[PDB]
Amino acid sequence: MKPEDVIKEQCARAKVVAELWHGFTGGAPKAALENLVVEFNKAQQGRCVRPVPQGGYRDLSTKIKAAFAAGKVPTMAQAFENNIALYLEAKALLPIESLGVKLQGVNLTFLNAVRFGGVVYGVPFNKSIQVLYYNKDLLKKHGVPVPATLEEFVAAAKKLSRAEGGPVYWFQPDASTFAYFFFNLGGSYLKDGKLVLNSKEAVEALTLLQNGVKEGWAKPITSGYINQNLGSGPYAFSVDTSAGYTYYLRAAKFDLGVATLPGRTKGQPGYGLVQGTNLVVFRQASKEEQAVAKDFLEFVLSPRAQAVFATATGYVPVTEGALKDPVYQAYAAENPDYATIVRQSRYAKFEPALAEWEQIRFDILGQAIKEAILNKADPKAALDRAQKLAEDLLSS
C-alpha cells in the first residue's frame, strides 16, 4: 500500500476531481508530491486532487499542447516560465489572484518570474537552484578547500584530475550547465529585447567547457544523470539542480558535500539557474475544480507543506513562512545542506520566458553545446548556427 493507491481510493469516492499533470518520474520528488496530495485529499469531503504523471517535463508540455487541441486540459499542471508564456498566447490560464490565493510571503525571486503584464499566472511549487555538489572525501584526501571562485574551481579541478588520473568535474553538455558558466562570465540572453545565443560571453563559456574536456579536468556525461554515473572514475564536483540532492545521496559511495556555487569573487556566490516548476490553473476547468485548485494552492504554499516538500527533495522552500516552520528548522539544525540550498537560492537567474524557449533550449542551444563538447565543433561556429536557427524559429 503506497500513496498512489491511497489517492486512487480517495478519487473513486470524490464527486469533483481536479487533475494535476506533472513531470515527476519517480524518486523523492514524486513520493513527496504524492504525500502532499494524500494529506490534502484527507481534509476534503467529496473533492480530491488526482496527480497524473505525464513522463518528464518535455513529455508534459507535449501532452498539454495535445490536450488543448483535444479540448481536454487538466485543472492544474506544472509549468516552466516559458511554458506559461506559451499557454498565455492561447489565453488558457486563469490569473491566480482571481481564485483569491494569497501570495504575500512568496519569495519575490519566484513570484516576479510568474508575473506577465503585472499579473501572476503561476504558483511557485517545486523551484530548484543549481548548487556545487562535491566529494568531501576526495577534497579532504588532497587538502583542497571547497572552491569559492571560478578561478579556484578550475585550479581545483586541474589539481585533483592530475592527482586521481581522470577528469573530476562532471557535467551534462546541456543548456542548464552552460547557463552556470554563461551567467557567471557576465552573459545575458536578451540584448535590447533580442535573443542572442552567440555573444562573446556564450563563446567564452562554451570554450571554457570544451577546453576543460581537452585539458583532462572536465568529464562529459552523455548517458543519464550525473548521479547515475557515480562510481566509475574519480568524481570531485558537479554543478547541478538542488532537486538532485536525494538522487546523489542514494548513489554516492563517498561523503557527499553541498556548497554554494563558485562566483567571480569571494564577495558573492555564483548565480545558479532556477529550474523546477510553477503550478498553473486552466480556464477550461469547472468552477468546482478551480475551487479545489484554490484550496490545493493555499495548502502547497503553507509553511508546513513547503517545509516537508523542501526537506524531502532539495527543492527551495518558496515562502518566508516555510523557513520559520519548526519541521524545517529541525531538519536544517541536523543537516546544513538545507541552509546551503536556501543561501544559494538568493543568487538566482532565469532563462528567457519566451514561448519558443523550450524548443530552443533543447533542440537548438542544447544541440550547439553537444556539437562543441562531443564533436569538437568550434564554439563560435556552433553558437553562430544556434543563433541563425533561433532567429528562423522566432520569425516563422
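From 1 onward, residues are counted along the sequence shown.
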{"item": "Between the two ranges 359-367 and 343-351, the one averaging a larger CA B factor in the entry", "value": "359-367"}
{"item": "Given 229-237 and 130-138, the range whose Cα B-factors average higher in the PDB entry", "value": "229-237"}
{"item": "Out of 171, 80, 178, 116, highest CA B-factor residue", "value": "116"}
{"item": "Selection by C-alpha B-factor (highest) of 281, 195, 312, 185", "value": "195"}
{"item": "Chain third (lowest, middle, highest) by recorded CA B-factor, residue given as residue 86", "value": "highest"}
{"item": "Ranked against its chain, the third holding the CA B-factor of residue 269", "value": "lowest"}
{"item": "Chain third (lowest, middle, highest) by recorded CA B-factor, residue given as residue 105", "value": "highest"}
{"item": "Chain third (lowest, middle, highest) by recorded CA B-factor, residue given as residue 96", "value": "highest"}
{"item": "Ranked against its chain, the third holding the CA B-factor of residue 72", "value": "highest"}
